[PDB]
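A quick note on method: Cβ atoms are made from the backbone with ideal geometry, for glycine too, and the neighbour counts reach across all protein chains shown. Basis: the model, the stated rules and, where named, an outside source; nothing here is a laboratory result.
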Amino acid sequence: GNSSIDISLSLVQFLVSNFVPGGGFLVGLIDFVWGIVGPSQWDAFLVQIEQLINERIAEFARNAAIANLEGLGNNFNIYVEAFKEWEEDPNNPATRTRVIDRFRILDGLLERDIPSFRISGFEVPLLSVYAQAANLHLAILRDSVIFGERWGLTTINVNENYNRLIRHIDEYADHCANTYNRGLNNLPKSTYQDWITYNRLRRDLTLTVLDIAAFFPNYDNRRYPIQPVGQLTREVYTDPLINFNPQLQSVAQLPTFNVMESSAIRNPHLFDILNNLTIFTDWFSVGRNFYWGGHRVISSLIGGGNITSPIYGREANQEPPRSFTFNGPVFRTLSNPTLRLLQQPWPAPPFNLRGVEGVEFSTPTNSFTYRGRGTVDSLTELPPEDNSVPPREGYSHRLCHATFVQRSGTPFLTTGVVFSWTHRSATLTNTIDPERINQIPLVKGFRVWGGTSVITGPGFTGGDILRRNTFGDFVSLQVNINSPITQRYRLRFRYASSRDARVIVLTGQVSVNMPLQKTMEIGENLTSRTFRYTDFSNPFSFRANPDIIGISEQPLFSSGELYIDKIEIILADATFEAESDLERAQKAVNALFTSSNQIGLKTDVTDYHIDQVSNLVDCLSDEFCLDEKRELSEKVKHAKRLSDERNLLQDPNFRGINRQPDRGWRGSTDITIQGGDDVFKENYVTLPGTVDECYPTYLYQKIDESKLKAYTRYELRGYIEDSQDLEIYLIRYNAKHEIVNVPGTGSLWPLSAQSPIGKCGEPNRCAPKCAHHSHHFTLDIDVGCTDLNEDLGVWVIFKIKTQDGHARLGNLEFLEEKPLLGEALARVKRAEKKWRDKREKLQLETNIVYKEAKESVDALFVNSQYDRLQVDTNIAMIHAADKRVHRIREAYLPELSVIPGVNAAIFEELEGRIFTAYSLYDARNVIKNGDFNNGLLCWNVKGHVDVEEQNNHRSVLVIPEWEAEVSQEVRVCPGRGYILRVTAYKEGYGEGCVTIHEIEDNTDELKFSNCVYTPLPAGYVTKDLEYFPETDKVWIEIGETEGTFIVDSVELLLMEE
Ligand SMILES: [Ca+2]
Ligand SMILES: [Zn+2]
């Protein structure tokens, strides 16, 4: 029943041009199909396929299918009557009730009857009636979604029907494509006859099934709110122009299946247009028989160049070549394929000559005649889509290409031509209509970039698709714009992907930068469910008319495959973009709070995240959403204030670093604060490196005990723009320490559809193996008991000790996380116990150490006013007392030595007295710079000497050459007594010597032997003598005989008694 083709093509043209809801659409379904097909026409739908697969549907199932289709027709006709009555009078309670009732009956029948059109074992011969019923079902379900509330269905019922509709779109599409593939696969594939049958089944099922199924997604009214116009880009092939009757003639004289399929059918390709056909004429001498012996095809791409074929067949010259530049669509071929039988003598059979002797090609304005016209009419196989006009206007298909097949042997010569055709709905330009959703298959481009493949479509897309296995350029496509070029458009893709990807669209340059979500697992087959839609893009304008679109895939910042079917283009003003942006902002803000009452903030929502959401709200439209924007703005500010209230850090935005000695932040002085950058919309801190590890860059604060709760976990969190050698500590019972290296991220390079830098260089807030790749950090600490007397608190410390270290950070918070349970609780109990036990042990040790140090310091002085040294106090005794003071432990924190520990006060008391002793010692000494704390000043030097530091508080003279001498002239009181005292060490052999003398004699000396640039001694010897000058000047001379001599100090003291 070839009337099924005529019906199908007429319906398809209706779906192309008139895909709109309402009475008009339903009346169309009646006028084209359901009101004019009766039982004998349904029978013909089945016969067409039964005849090809050579199997009749079993009678029980066959009769049932036809009776069911009659029932559907009757019930749909009644539904359309009720719908029309309702449409003309929609507030009438009786028309509303009736349309609901008729809808329910028909929906119920389709649910019950669709299984009867896919009986196991007869899916293929039932497939064209299945597609009819499927199409009808999606149509009436769509009606219930769009109109159901107005009819009087509930919102619940409407949303449930929507869910059913979109599930059925996939189910029905899949059945159509799968069953198509099954039918082809089940056929024999050896002979020419097998091939004829196969290609017939492929063509007929394309026209009566696949072409209809291609429209099923358009019934999703939420995806297609505005009228869509579809295009079928697939190529179909008419029967070979070869005269053959299988009843009479041997298939042995015709090309085999594999030769036909490999020779006659094109591999997947970009959509093309027949430009020029050049035909070569050969002959067969006996009987003077001319025929089409070969040809060359020139084709064009939309907005690109020409494509040339090699010679098909032979470049024969028995008549001149005929070259036809059609300059228009060929809608009809009238062809003359002949069989000529040349007699041979008994008992040889006749020679069989098969060839094309003539073809007339018709365009709407011209005809082109290759030799002569024949009676094989393309219109028989590919009839008009509209019979209300002549074929030159109403044609369904245009000629695309021609291939050539041949077989020769004994005694025969077979040549033939095969024509391919494209459907009328595949337009010869890619035109954008502002009143439509414009559907443009990527196969309608003009350039496939390197590494992109055109592949056979899965069956439900109406044509072929594009694939890439890695990131790269897909296609370039030309578009014509049927509007002023200042109108704004939005675009989306229908795609399938086993990876998350990013797609860029260039016009004219980066117009769209769109994320593509994974739609399927690695390995999964391409079913209807795997094809999804993106959101519509940001608006853009075309730069010219026509314009060129380039599509490229890029890394989200290689896995699986990316397929793209089509791009869809809508006028921006036909959408509600500002409202869509508002609704997303609303969800983001709502997610901040614990509940819908919005009284409390979620613990796991970060301060930094709140700042990010505020940018969403701030980027909303002032033009359309001002009241709603203001209200959302209030909520996000409330969320921020809640973040501020739970933050236990003082001065979280760095307004008062070093303002107070005992509170808020303390920091080293080369830290800087800036008001914000690309990453931060708050004050943030830059920590530089340091030239010396003993003077680290630091920033710290104490959290007071009063702010803490017992048996509770706290977290420090924040955001790091970049860092190297950043150390973070949290300290209570012990120190928790991490080193955080965060590489920088890019902002300028990433190909920008929107700029990251604005006017005046302000940030645009509206623009999108051991390394700590995450910019977020979190560190927790567990509090056991609390005790305000002890006031342990928690120390927060950031430190950098390296030259090249650095950090930029902000959005710091310190917050309560959760109560402790289980092992965490047990652990903090053990940690607090251990901390107490160690503190007790430290106290006992400290009592002993302190008393020893104090007694040793006190002994340096005459009394407890600490204003006068004992005469017998020498420098070595001061250093020895000092060594006892430094035995005190935990005077400062090991993690950062500027922070006092528990024993700071007693260390500082005693150290202070040490420093008093040094100061008094200097004041008493009649020798200038006798302790070498000022280097060599006030000494006369001959030869090479050095002054060096030693722990803790010492400077020493080193004499490494015996020819070196150090001297000073000293004014003294004649007739008074003086003590000379030297603290020194002799390294190696020889003696060290300190000489004192007057202008004339009175020589005395102190000598040092080792026997009882430089690593310094652990201990020194002290010696003294009494000296009695007669004049008012002495010389003090330091030297040695050999080796090295190290002198801590020389003192000359007046005996005040
Ligand atoms: Ca010294
Ligand atoms: Zn000291």
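Using beta carbons and a limit of 7 Å, which pairs, at least six apart or on different chains, have the first residue in region 889-915 and farther than 19 Å from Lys838 by Cα and the second one within 16 Å of ligand 1 (Cβ to nearest atom) and in a helix (DSSP H, G or I)?
Between residues of region 889-915 that are farther than 19 Å from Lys838 by Cα and residues that are within 16 Å of ligand 1 (Cβ to nearest atom) and in a helix (DSSP H, G or I), the close pairs are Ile914/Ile878; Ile914/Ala881; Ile914/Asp882.
Under the condition of being within 15 Å of ligand 1 (Cβ to nearest atom) and in contact with a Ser or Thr (Cβ under 6 Å, 6 or more places away or on another chain), which residue from region 885-941 is nearest to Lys702 (Cα to Cα)?
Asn933
Do any helices (runs of 4 or more DSSP H) entirely within region 1-85 hold 2 or more residues that are closer than 23 Å to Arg424 by Cα, and if so, which?
Correct list: 3-17, 23-29.
What number of residues within region 899-929 satisfy the criterion of being within 16 Å of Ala984 (Cα to Cα) and in contact with a helix residue (DSSP H, G or I) (Cβ under 8 Å, 6 or more places away or on another chain)?
0
Scan region 1040-1057 for residues that are within 15 Å of ligand 1 (Cβ to nearest atom) and within 16 Å of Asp1024 (Cα to Cα) and jot them down.
Scanning region 1040-1057 gives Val1047, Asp1048, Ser1049, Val1050, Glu1051, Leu1052.
Exactly one condition in (1) more than 22 Å from the chain's Cα centre (by Cα); (2) under 24 Å from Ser643 (Cβ atoms) is false for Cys760; which is it?
That leaves (2) as the condition not met.
Could you give me the residue pairs with C-beta distances under 8 Å whose first residue belongs to region 495-523 and is farther than 26 Å from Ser755 by Cβ, whose second residue is acidic (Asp, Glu) and assigned to a strand (DSSP E or B) wherever it lies, and which are 6+ apart or on separate chains?
Once the first residue is farther than 26 Å from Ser755 by Cβ and sits in region 495-523, its partners that are acidic (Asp, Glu) and assigned to a strand (DSSP E or B) give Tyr495/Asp565; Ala496/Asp565.
Considering only strands (runs of 3 or more DSSP E) fully contained in region 977-1057, which possess at least 1 residues that are surrounded by 18 or more Cβ atoms within 10 Å (Cβ to Cβ) and within 16 Å of ligand 2 (Cβ to nearest atom)?
1044-1054
Tell me the residue from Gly930, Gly901 that is away from ligand 2 (no atom under 13 Å from the Cβ), of a type in the set (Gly, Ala, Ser) and not assigned by TED's automatic domain parsing to the domain that holds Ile848, please.
Going through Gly930, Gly901 in turn, the sole match is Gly930.
Yes or no: region 658-676 includes at least one residue that is under 32 Å from the mean Cα position of the chain (by Cα) and among the hydroxyl-bearing types (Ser, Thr, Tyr).
no
Listed residues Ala917, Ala859; which is crowded, with 17+ Cβ neighbours inside 10 Å and either more than 14 Å from ligand 2 (Cβ to nearest atom) or more than 60 Å from the chain's Cα centre (by Cα) (or both)? Walk me through how you get there before you give the answer.
Working: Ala859 fails: crowded, with 17+ Cβ neighbours inside 10 Å.
Being crowded, with 17+ Cβ neighbours inside 10 Å and either more than 14 Å from ligand 2 (Cβ to nearest atom) or more than 60 Å from the chain's Cα centre (by Cα) (or both) holds for just one of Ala917, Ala859, which is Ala917.
Given the condition closer than 26 Å to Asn221 by Cβ, in the same structural domain as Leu126 (by TED's automatic domain parsing) and of a type outside the set (S, T, N, Q), answer yes or no: does some residue in region 56-72 qualify?
Within region 56-72 (the criterion being closer than 26 Å to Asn221 by Cβ, in the same structural domain as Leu126 (by TED's automatic domain parsing) and of a type outside the set (S, T, N, Q)), the answer is yes, since at least one residue qualifies.
State yes or no: is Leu730 within 37 Å of the chain's Cα centre (by Cα), assigned by TED's automatic domain parsing to the domain that holds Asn811 and closer than 30 Å to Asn615 by Cα?
So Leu730 fails the test.
I need the full set of residues from region 376-401 which are part of a loop (DSSP other than H, G, I, E, B) and in contact with a helix residue (DSSP H, G or I) (Cβ under 9 Å, 6 or more places away or on another chain), in order please.
Matches in region 376-401: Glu381, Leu382, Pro383, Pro384, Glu385, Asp386, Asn387, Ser388, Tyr395, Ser396.
How many of the residues making up region 441-467 are closer than 21 Å to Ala131 by Cβ and surrounded by fewer than 17 Cβ atoms within 10 Å (Cβ to Cβ)?
So the count comes out to 1.
Residues that are of a type in the set (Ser, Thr, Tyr) and under 25 Å from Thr873 (Cα atoms): does region 1028-1036 have at least one?
So far as region 1028-1036 goes, no, none of its residues is of a type in the set (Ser, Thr, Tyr) and under 25 Å from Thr873 (Cα atoms).
Name, by its number, the condition in (1) exposed (fewer than 13 other Cβ atoms within 10 Å of the Cβ); (2) acidic (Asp, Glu); (3) within 16 Å of ligand 2 (Cβ to nearest atom) that does not hold for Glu963.
It is condition (3) that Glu963 fails.
Failed condition for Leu936, given (1) out of contact with any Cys (no Cβ under 9 Å at 6 or more places or on another chain); (2) in a strand (DSSP E or B); (3) surrounded by 14 or more Cβ atoms within 10 Å (Cβ to Cβ), with all others met?
(2)
For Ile888, all conditions in the list (1) surrounded by 13 or more Cβ atoms within 10 Å (Cβ to Cβ); (2) more than 16 Å from ligand 2 (Cβ to nearest atom); (3) in a loop (DSSP other than H, G, I, E, B) hold save one; what is the number of the exception?
Result: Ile888 fails condition (2) only.
Scanning region 944-959 for residues that are within 16 Å of ligand 2 (Cβ to nearest atom) and outside any loop (DSSP other than H, G, I, E, B), which turns out surrounded by the fewest Cβ atoms within 10 Å (Cβ to Cβ)?
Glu949
Which of the following residues is touching a helix residue (DSSP H, G or I) at 6+ places or on another chain (Cβ under 8 Å) and surrounded by fewer than 18 Cβ atoms within 10 Å (Cβ to Cβ): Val80, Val145, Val158?
Just a single option satisfies the conditions, and that option is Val158.
Out of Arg392, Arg332, I need the residue that is touching a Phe, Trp or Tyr at 6+ places or on another chain (Cβ under 9 Å), of a type in the set (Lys, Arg) and over 30 Å from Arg288 (Cβ atoms). Which one?
Residue meeting the stated conditions: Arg392.
How many residues does region 384-406 contain that are over 30 Å from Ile311 (Cβ atoms) and among the β-branched types (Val, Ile, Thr)?
Residues that pass the stated criteria total 1.
Can you pull out the residues in region 587-620 that are aromatic (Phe, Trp, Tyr) and within 24 Å of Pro763 (Cβ to Cβ)?
Residue satisfying the conditions is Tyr608 alone.
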